[PDB]
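Asks: Need coordinates for the below:
(24 chains, ligands or ions: 3)
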Amino acid sequence: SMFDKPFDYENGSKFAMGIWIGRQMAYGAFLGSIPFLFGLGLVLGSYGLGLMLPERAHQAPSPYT
Amino acid sequence: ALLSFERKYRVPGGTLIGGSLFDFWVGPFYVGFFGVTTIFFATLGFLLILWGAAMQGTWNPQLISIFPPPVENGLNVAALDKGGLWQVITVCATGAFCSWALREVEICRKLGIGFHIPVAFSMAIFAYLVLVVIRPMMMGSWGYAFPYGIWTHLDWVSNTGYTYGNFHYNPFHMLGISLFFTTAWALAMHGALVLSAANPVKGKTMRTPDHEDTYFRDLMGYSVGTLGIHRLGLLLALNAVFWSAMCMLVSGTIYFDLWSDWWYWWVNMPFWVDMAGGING
Amino acid sequence: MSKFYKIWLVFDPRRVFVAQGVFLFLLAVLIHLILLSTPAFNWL
Amino acid sequence: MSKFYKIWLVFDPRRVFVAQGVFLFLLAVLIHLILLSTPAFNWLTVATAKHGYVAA
Amino acid sequence: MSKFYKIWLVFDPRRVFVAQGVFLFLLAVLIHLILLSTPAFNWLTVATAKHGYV
Amino acid sequence: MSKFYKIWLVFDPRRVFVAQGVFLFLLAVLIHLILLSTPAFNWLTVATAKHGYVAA
Amino acid sequence: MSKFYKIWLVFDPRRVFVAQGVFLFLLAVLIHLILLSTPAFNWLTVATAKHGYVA
Amino acid sequence: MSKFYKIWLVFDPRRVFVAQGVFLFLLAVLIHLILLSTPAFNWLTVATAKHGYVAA
Amino acid sequence: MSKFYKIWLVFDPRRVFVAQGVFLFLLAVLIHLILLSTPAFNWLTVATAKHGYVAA
Amino acid sequence: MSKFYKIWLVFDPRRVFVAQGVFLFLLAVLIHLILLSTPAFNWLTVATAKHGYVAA
Amino acid sequence: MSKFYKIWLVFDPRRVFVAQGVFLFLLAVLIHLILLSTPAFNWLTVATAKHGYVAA
Amino acid sequence: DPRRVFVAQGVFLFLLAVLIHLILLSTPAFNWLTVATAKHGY
Amino acid sequence: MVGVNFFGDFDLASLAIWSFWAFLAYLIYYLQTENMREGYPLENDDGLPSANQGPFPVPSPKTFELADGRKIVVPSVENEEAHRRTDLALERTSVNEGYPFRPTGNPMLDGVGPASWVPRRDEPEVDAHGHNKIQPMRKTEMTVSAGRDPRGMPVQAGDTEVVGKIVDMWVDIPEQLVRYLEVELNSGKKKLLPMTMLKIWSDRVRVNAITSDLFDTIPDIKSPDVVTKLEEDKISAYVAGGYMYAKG
Amino acid sequence: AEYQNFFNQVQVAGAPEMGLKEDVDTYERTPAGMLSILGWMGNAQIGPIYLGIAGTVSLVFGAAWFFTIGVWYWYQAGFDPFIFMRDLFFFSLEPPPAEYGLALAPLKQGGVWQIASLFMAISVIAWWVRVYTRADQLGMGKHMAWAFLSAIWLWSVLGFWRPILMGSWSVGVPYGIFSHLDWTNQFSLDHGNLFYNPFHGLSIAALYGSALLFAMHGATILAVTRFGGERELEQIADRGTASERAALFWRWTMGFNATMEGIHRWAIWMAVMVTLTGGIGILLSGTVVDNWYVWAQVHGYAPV
Amino acid sequence: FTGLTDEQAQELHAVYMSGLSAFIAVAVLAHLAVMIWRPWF
Amino acid sequence: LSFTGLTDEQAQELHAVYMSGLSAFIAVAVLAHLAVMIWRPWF
Amino acid sequence: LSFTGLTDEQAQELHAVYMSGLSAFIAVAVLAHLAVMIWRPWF
Amino acid sequence: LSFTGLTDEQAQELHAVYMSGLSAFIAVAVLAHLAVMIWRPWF
Amino acid sequence: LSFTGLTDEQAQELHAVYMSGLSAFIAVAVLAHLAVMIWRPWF
Amino acid sequence: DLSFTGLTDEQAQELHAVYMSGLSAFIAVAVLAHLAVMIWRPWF
Amino acid sequence: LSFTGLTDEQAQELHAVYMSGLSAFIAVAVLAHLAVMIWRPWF
Amino acid sequence: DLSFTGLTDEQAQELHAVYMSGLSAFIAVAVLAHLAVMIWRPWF
Amino acid sequence: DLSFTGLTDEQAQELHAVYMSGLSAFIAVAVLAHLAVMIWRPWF
Amino acid sequence: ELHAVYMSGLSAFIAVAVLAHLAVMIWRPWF
Ligand SMILES: CC[C@H]1c2cc3[nH]c4c(c3C)C(=O)[C@H](C(=O)OC)c4c3nc(cc4[nH]c(cc(n2)[C@@H]1C)c(C(C)=O)c4C)[C@@H](C)[C@@H]3CCC(=O)OC/C=C(\C)CCC[C@H](C)CCC[C@H](C)CCCC(C)C
Ligand SMILES: COC(C)(C)C/C=C/C(C)=C/C=C/C(C)=C/C=C/C(C)=C/C=C/C=C(C)/C=C/C=C(\C)CC/C=C(\C)CCC=C(C)C
Ligand SMILES: COC(C)(C)C/C=C/C(C)=C/C=C/C(C)=C/C=C/C(C)=C/C=C/C=C(C)/C=C/C=C(\C)CC/C=C(\C)CCC=C(C)C
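Replies: Numbers count the residues shown, from 1 in each chain, chains lettered A, B, ... in the order given. Ligands and ions are numbered 1, 2, ... in the order given. Shown next is the protein structure:
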């Protein structure tokens, strides 16, 4: 992949290896942000979209007794 | 344990995350990165449902119910004993559903087939997200989502439906029901037609697809064809779920009164509204 | 204790670090979201 | 207990460690969440009452 | 009695210990949850009453 | 009487032991469930009345 | 009646034993459950009244 | 009466004996259940009255 | 009146006997239920009155 | 009237007999059920008034 | 009025006869049922009024 | 449609005839059974 | 029949619901066995038959008789051996079970993985009347009714290099459907490209599954105007294997 | 994005296929035409259609049922064309009131509903023999007729069998757009929340399963159309790589799979369960159980 | 349109009218009996 | 001439036995109506 | 005819056994109605 | 008359065992009905 | 016949142990019913 | 075809001997369990 | 004999370790039950 | 085949030694965590 | 020697040493973050 | 001629239909 490059273990300094680990972990953290942002975008986007509704949308009767 | 032909297909590659770290099978099941996360989310969601049963005090599976937060709670993260457990299970369910679809993508890539199955399943995920996330947030609270119980989520359907009178009069609901009925009808005919050809009358050779086209042209005067029926069966099921999600998306967000009153725009048109007689006088 | 380096002979480091990033990021999100259920630590 | 190393001649370490890791995280989350569901052992609400922050 | 070792000539050890591991965990969780469901044997509930945790 | 061993000439021991194990466990759960459903034989309910634990 | 052993020349023994075992278990459960449904023959409720188990 | 054996030349004995057994069992359960419906022939109800059982 | 045997030259015996069997059974069940549904000819309630069964 | 046997040169005897068989049965049931509906011709509720069975 | 025989050169005899059978049977049932509905021409109601059978 | 137009047109004649005949029965003025009941004292 | 209980609360609705579970339990058993007519008995990674075969038994053999009188029996050893690949170029990546098999060589050419083809019968698929189901358009009298006619269009490979031109279309006569496009490469050889893995643009045909260098090794058809079920399996599997094995 | 094979890229059409002459009287088939708009998703050929006597009987009695309802609407509209179009969805051909039982009600008070129902019963049954006969003359199995019989079972329970057992035609379904929706809602109300009918739940599981199964199977076949997976009949006789990749997707996803022929046994049985269990649940409603929610509470699965 | 020659269709019409006439006669006899029993005119 | 693969001779045998069965059916029906008319006339 | 593959001799022998069994079924049914007629006549 | 393939001698022993089994079933059924008649008659 | 593939002597061997198991099962069942009849008779 | 599993007569005797040992041990514990419950809370 | 491919010696080595682990698992479970019985008896 | 994994006894021995060191450290931290929670908020 | 991942024992040590250095830095930062929260708003 | 057959038969049907309409009038007229 573009962000999941392999590393040259036999030809590489510790700092280059240390940076490579961080790039790998950052790419993993970026992948983990895909569902978090999508979920956050769903919740806040839907709530934001609901704030521009005819205002009877926020006072519907509860479906639970 | 492999099928007699499975070995030549069990090859490395096709993963999206992790490469060969999780690229293996457990029995028949393929495990990937999303196989690992599906197991985590499915097991956590299942154990939290059992924990919710323990707090509820009942162990009858048909009486277990995890309820969302109260409507007054708004969009806040609720306390675990006060409907916040429902929110955790909702995240576990969505994590399990989404990772299940992504796991199917990895399996699609390994087998070299089209991605129709994960995409078709994403429509089912979308309808679930409409009922638990999109619609409740547009209405302002997590308390409008359905509960996680076998028979209590039917009470939610009943209470949600009767909020707008008879829910049958929702026009998107009519379209969704018609497609759901059409999908079951086409599934019966597709299964029957293939089995009719593959299992002919005794003493007859196995029928060709020419017989299948001939049979439905003789019967109805039309035949979609072997490729057409699988396209159409997929589209009917996806449209049925999509227009169902629309019916709920507009109920309580755009439309608030009884759905039976909506159909009176046709009657109240100002060129036949005043004419006496009929049903509406 | 000093022999834990052999974990990289079992699991490919290139692939584990990506998995660590997914886990560590989502754990930080999970803890922040758990804090919100309590208004006392509800930072926002 | 002197012959327990033979486990690794039956179960490959790669799959056992992956299964063990998921099980431990799953169990830890389950137990932490069970305590959070119990208001008397919810350390966040206990800290709120001890010091006094919102109490709501 | 002393011939029970032959179960491994019939059952694959890898299949069994997966099934046994799932069985023992799901049984152990079930029994703990049954006790937690009953206030009499909910050790967390017993502790709040004992120490006045409120 | 001493000729029942021929059952294994008909049924695969792998298949029988698995089905027997599933049956024996599910049967045991069923009987324990029936006793727990009956308040007279629910040993947890009996204990909480004998020792006066909570009764709530 | 000495010729009844020829049933096994018509029906596979493995399928008969499984089907008979499933039948006998379900029949026994059905009859036990019928007795449990009737309070007169429910041996747990009879023992409750006999021994004063409160319930 | 001397040619009834030719039915097996028309129907498979495997097919007949499976269908007949399902028929006889279903009929027997039907008749037993019909009697259990009628309180005059419910032998458990009759035994309860005769032997003075509780039947709560 | 002896040409009735020609029916088997146009009708499959396997199909006729199955159709006849289902017809004869369903016809008998219908008649028995009809008598059962009429109290005058319901033999269970008739026997109850004659022999004085409780019929609770 | 001596040339009515030509029908079997036009119609399939297999289909005609099946269609006639269901028609004769369905017609007979319909007439019997109408008669049962009418109390004047319900032969079951004629004997109960003649011999005297239930009168209820 | 004697050239009508040409019509059998066009229509299939099977479908004309089946159409005749359905149409005639449907009409016959329809006319009978109208008569049964009208108590003046209900031959069973006339019979029970003439013979004094049940009148119920 | 040499053998097909006849069937359709016959249906139109049959549907209309069965229609109007039953309508006359619905109206008591045009019901012949009703008038026969009155004359003979049925 | 309302409120009529055989015993306890077991009324006629209880009898119906419990009767259904027995019928449903049997129906699932029937459906599961009917789906065990292919791919059984199970095997291990080493090829030997497996110890575990599952709680459902293999159903009794059933015969499909074809129009040519072949009498295929499923499940059967001969049917399974007919569709069994031999001399597969695969090696085990680990001694443990449940691990992938590494191709030893070129997976596209060896037909493994997503490039796997099945030994189908080496005969053209045939319609009811006996004729070949799939035939070139020139062999029949059909015209392009709608859509974009691909005849003469350049064929652009996945690496954006032009590899030839479409010279013919192969249609499914009983279904009135285009199955393959016959491409004439620059070298003069003719290959078949399945329509399901092509995209007909307004001015060209693009094949993203494989690159330009792999077009010369697309499996060939022995008869110029006849395509065979075996050849269709090889051509389809080769092109579909490109998505994983084209360039990396 | 690659080609998703949802619509044909090229349409090719020649002489329309007039069908197979197995035992069909081919002179009873109409001409065959080609409609291009239908050829993008499926076949472009429209026709030929077989018209025997079963189809003709079904068509005339179906038309009579359709027009019997229609003429009743004109009577309800005062024979006003504007009122007819205004209230088309509100018009209803109601069954006779409950005072008439199973008798022949007057024409104005449910007798027309009985006439219309009779025409519908003939038309549906005449169509069932058409479904059976068309398959018989082509040497095919009668699976379509048996699957149709399951739909007829629920339809006959709603209109015929249940009104017979309930003792009156009044419980039958009115012939109207909104009215038969109101009947459906009223059926649930006066039987205590039909949601708690177990066979209604089984019917819904089959109906949801039908859409789940057709989405699974439709997408599975489109995924393997690269290898001719839509030619299912040839895959049954001669298994190809399309059948194996389809089986291996579901084995690696669910742990178990079907075959090309066997997936259509799941398809037919999932679909007929919709109306097989549905017919049973409607028959039990009123005749055996009058309050499903209370019945539920007795049997668990409903709180006390 | 049918596939029947003129000679084969000659008896086809004769038998049909032979059967139709018998059907009419029974209907006529039935109406005469009903008029005697319960006249509607 | 056969529309269903029946010879003319076959149609003779088939119609003869059919009328034999029909004759028996009417005869039992006539006796049954006679008995009902005597038992409980509808005229 | 011969729509079922039976011969003239096969069909005649099959019909003889059918009638013998049918005769037994009628004989029991007649005896059953006589018993019901004695116990509880419906005429 | 070979729809199943029995050799007209296997059927005789097939039917001999079946009737022997049928005889045992009827005898127990009659003994059961006699017991219920004594216990509480339904006539 | 011989659908299962067992020889006649193998059927005797299989039936001999089937009936021994059936005899054992019924022997327990009869003792079970005798015990219940003494403890709580249903007649 | 009375050798469906492929075991020999000798193997079946060896396998059955171990199975009956396990069955006996299972029953013995079950009998002890019922005896304990009968003492603790009899159901007769 | 050896459906799993293990030999008699290997199965003993498997079982010796399994029984070692099982006995340790049971020993802790007995102590845990004893602790709960002392702290909060369920009998 | 008691070497399903393909490891040798020597390789399994040294893998087990490292695994037991990781387990021991994990159990040690959990014991310290439970001691801290028991002192802070006992559950018995 | 075992090397499920194709790293030598030497390469695993070098990678693990770098990984543990980053792990120690990551924990030390996280401890500092907790001390900030513990000072501002303790949870015990 | 096909049409020649139809017109003669159709006219006879109309002829009796007219004769029946006037048969109603002499028995019970509406105009
Ligand atoms: C397994 C259960 C599912 C199912 C299965 C199923 N349905 C089936 C089948 C099967 C297996 C068939 O084989 C059968 C069929 O033929 O399918 C194509 C059918 C069928 N299911 C149908 C409908 C249908 N199925 C439904 C449901 C279901 N079917 C279930 C979900 C529904 C719903 C949900 O309500 C409907 C509406 C039909 C398409 C067909 C049966 C058609 C039939 O019997 O029609 C008879 C003929 C008529 C009623 C004539 C109608 C005429 C028009 C009203 C127009 C008339 C006027 C016009 C101007 C024309 C001219 C008239 C004259 C002047 C000439
Ligand atoms: C609702 O309306 C009511 C009911 C109130 C009033 C309406 C009444 C109506 C519409 C009545 C209509 C009645 C009709 C049309 C009755 C018709 C009855 C007929 C035609 C019955 C015919 C029966 C024929 C039978 C039983 C023939 C039987 C033949 C046999 C038993 C012999 C077997 C046949 C063989 C062997 C043929 C094979 C031979 C060869 C050589 C192949
Ligand atoms: C509703 O009813 C309730 C639930 C309330 C009550 C019902 C309770 C029931 C039905 C309980 C049932 C309980 C049962 C059946 C429990 C069974 C428990 C068993 C059998 C436990 C066995 C455990 C064995 C263990 C933990 C063994 C561990 C082994 C090791 C740690 C060593 C590892 C070595 C291995 C895996 C193989 C060695 C390999 C080589 C090469 C030597």
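Asks: Skipping adjacent residues, who's closest to residue C:37 in space?
Replies: residue B:77 (4.4 Å; Cβ to Cβ, 6 or more residues apart in numbering or on different chains). For every residue, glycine as well, the C-beta is placed using N, CA and C.
Asks: Return the residues in contact with that neighbour.
Replies: Contact partners of residue B:77, counting by Cβ atoms under 8 Å, 6 or more residues apart in numbering or on different chains, are B:84, B:87, C:33-34, C:36-37.
Asks: next one: residue B:144
Replies: A:60, A:62-63, B:68, B:71, B:135-136, B:160, B:252 are the contacts of residue B:144 under Cβ under 8 Å, 6+ apart.
Asks: got it, and residue M:240?
Replies: For residue M:240, the contacting residues are B:112-113, M:114-115, M:197, M:209, N:226-227, by Cβ under 8 Å, 6+ apart.
Asks: State the helix or strand in which residue B:120 lies.
Replies: Element membership for residue B:120, per DSSP states H and E: helix B:116-129.
Asks: Please see if that helix touches chain M.
Replies: No: judged by Cβ under 8 Å from any Cβ of the partner chain, helix B:116-129 stays clear of chain M, getting no closer than 11.7 Å.
Asks: Show me what counts as buried in that helix.
Replies: B:116-121, B:123-125, B:127-129 (16 or more other Cβ atoms under 10 Å in any protein chain shown).
Asks: So it, near chain N or not?
Replies: Yes: judged by Cβ under 8 Å from any Cβ, helix B:116-129 comes into contact with chain N through B:116-117, B:119-121, B:123-124.
Asks: ok, longest helix in chain M?
Replies: helix M:12-34 (DSSP state H).
Asks: Contacts made by that one with the rest, please.
Replies: Taking Cβ under 8 Å, 6+ apart as the rule, helix M:12-34 contacts G:26, H:33, M:1, M:4, M:6, M:56-59, N:198-199, N:202, N:256, N:259, N:261-262, N:265-266, N:269, N:277, N:280, N:284, N:288-289, N:295, N:299.
Asks: Can you flag the buried ones in those?
Replies: M:6, M:56-57, M:59, N:198-199, N:202, N:259, N:261-262, N:265-266, N:269, N:277, N:280, N:284, N:288-289, N:295, N:299.
Asks: tell me, which of the residues you listed make contact with chain V?
Replies: Among these, no residue lies close to chain V (Cβ under 8 Å from any Cβ).
Asks: Among those, which ones are in strands?
Replies: Judged by DSSP state E, those include residue M:6 as members of strands.
Asks: which residues of chain M fall in helices?
Replies: With DSSP H as the criterion, chain M has helices spanning M:12-34, M:77-82, M:107-110, M:229-240, M:242-245.
Asks: same check, this time on chain C
Replies: C:13-36.
Asks: Point me to the residue of chain B nearest ligand 2.
Replies: Closest contact between chain B and ligand 2, by Cβ to the nearest ligand atom, is at residue B:203 (20.8 Å).
Asks: Equivalent analysis for chain O, please.
Replies: Closest point on chain O to ligand 2, by Cβ to the nearest ligand atom, is residue O:23, at 10.2 Å.
Asks: in the one helix or strand residue N:244 maps to, what's buried?
Replies: Residue N:244 is part of helix N:241-254 when elements are defined by DSSP H and E. Of all the residues in helix N:241-254, those buried under the rule 16+ other Cβ under 10 Å are N:241-253.
Asks: any idea which of the residues you listed is closest to chain L?
Replies: residue N:242 (44.5 Å; Cβ to the nearest Cβ).
Asks: so what's the closest one up against?
Replies: M:236, N:224-229, N:235.
Asks: Output these as TSV; include the columns neighbour count.
Replies: Shown next, in TSV, are the contacts of residue N:242 (neighbours: other Cβ atoms under 10 Å in any protein chain shown):
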residue	neighbour count
M:236	30
N:224	29
N:225	27
N:226	27
N:227	31
N:228	27
N:229	27
N:235	27
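Asks: Just the ones in strands from the residues you listed, please.
Replies: Among the contacts of residue N:242, no member falls in strands (DSSP E).
Asks: Go through these and name the one nearest residue M:75.
Replies: residue N:235 (15.7 Å; Cβ to Cβ).
Asks: hmm, stretch B:13-21 touching chain W?
Replies: No: Stretch B:13-21 does not reach chain W (Cβ under 8 Å from any Cβ); its nearest approach is 9.0 Å.
Asks: From residue N:5, how far off is the most centrally placed residue in chain B?
Replies: In chain B, the centroid-proximal residue (Cα atoms, centre = their mean) is residue B:124; its distance is 3.5 Å. Here residue B:124 is placed at a distance of 21 Å from residue N:5 (Cβ to Cβ, to the nearest Å).
Asks: Look at residue B:279 and give its secondary structure.
Replies: coil (DSSP: H, G, I helix; E, B strand; the rest coil).
Asks: again with residue B:210
Replies: Residue B:210 ends up helix, using three-state DSSP.
Asks: That one is in contact with residue N:18, isn't it?
Replies: No: with contacts counted by Cβ atoms under 8 Å, residue B:210 stays clear of residue N:18, the gap being 11.1 Å.
Asks: So for the two, which residue has more residues nearby?
Replies: Neighbours per residue, other Cβ atoms under 10 Å in any protein chain shown: of residue B:210 and residue N:18, the larger number sits with residue B:210, 21 against 16.
Asks: which residues does the more buried one contact?
Replies: Counted by Cβ under 8 Å, 6+ apart, residue B:210 has contacts M:127-129, M:174, N:17, N:20.
Asks: now those residues as a markdown table including neighbour count?
Replies: Shown next, in a markdown table, are the contacts of residue B:210 (neighbours: other Cβ under 10 Å):
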| residue | neighbour count |
| --- | --- |
| M:127 | 19 |
| M:128 | 19 |
| M:129 | 11 |
| M:174 | 24 |
| N:17 | 20 |
| N:20 | 24 |
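Asks: Am I right that the residue nearest to residue C:37 sits in a strand?
Replies: No: under three-state DSSP, residue B:77 falls outside any strand and is assigned coil.
Asks: Residue B:48 versus that one, what's the distance?
Replies: 15 Å.
Asks: And residue N:197, by the same measure?
Replies: Taking Cβ to Cβ, one finds residue N:197 at 30 Å from residue B:48.
Asks: more neighbours, the two?
Replies: residue N:197 (28 against 23).
Asks: Let me know the closest of the buried residues of helix B:116-129 to chain S.
Replies: residue B:117 (42.2 Å).
Asks: and stretch M:174-188, which residues are buried?
Replies: So for stretch M:174-188, counting by 16+ other Cβ under 10 Å, buried means M:174-185.
Asks: That one: end-to-end distance?
Replies: 31 Å (Cα to Cα, to the nearest Å).
Asks: just stretch N:71-89 next, same as before
Replies: End to end - Cα to Cα - stretch N:71-89 spans 14 Å.
Asks: How about that stretch and ligand 1, touching?
Replies: No: Stretch N:71-89 is not in contact with ligand 1 by Cβ under 6 Å from any ligand atom; minimum separation 12.6 Å.
Asks: so who does the residue nearest to the centre of chain B touch?
Replies: Contacts of residue B:124 (Cβ under 8 Å, 6+ apart): B:97, B:241, N:212, N:215.
Asks: now it: how far from residue A:38?
Replies: Taking Cβ to Cβ, one finds residue B:124 at 17 Å from residue A:38.
Asks: now do residue M:62
Replies: For residue M:62, the distance to residue A:38 - Cβ to Cβ - is 49 Å.
Asks: Pull the contacting residues for the residue in chain A that chain C sits nearest to.
Replies: Using Cβ to the nearest Cβ, residue A:28 is the residue of chain A that sits closest to chain C, at 2.1 Å. Residue A:28 makes contacts with C:17-25, as judged by Cβ under 8 Å, 6+ apart.
Asks: likewise residue B:225?
Replies: Residue B:225 neighbours (Cβ under 8 Å, 6+ apart): B:213, M:175, M:177, N:42-43.
Asks: So it versus chain E, what's the distance?
Replies: Distance check for residue B:225 against chain E: by Cβ to the nearest Cβ, to the nearest Å, it reads 45 Å.
Asks: Name the nearest residue to that residue, ignoring sequence neighbours.
Replies: Counting by Cβ to Cβ, 6+ apart, the residue nearest residue B:225 is residue N:43, at 4.5 Å.
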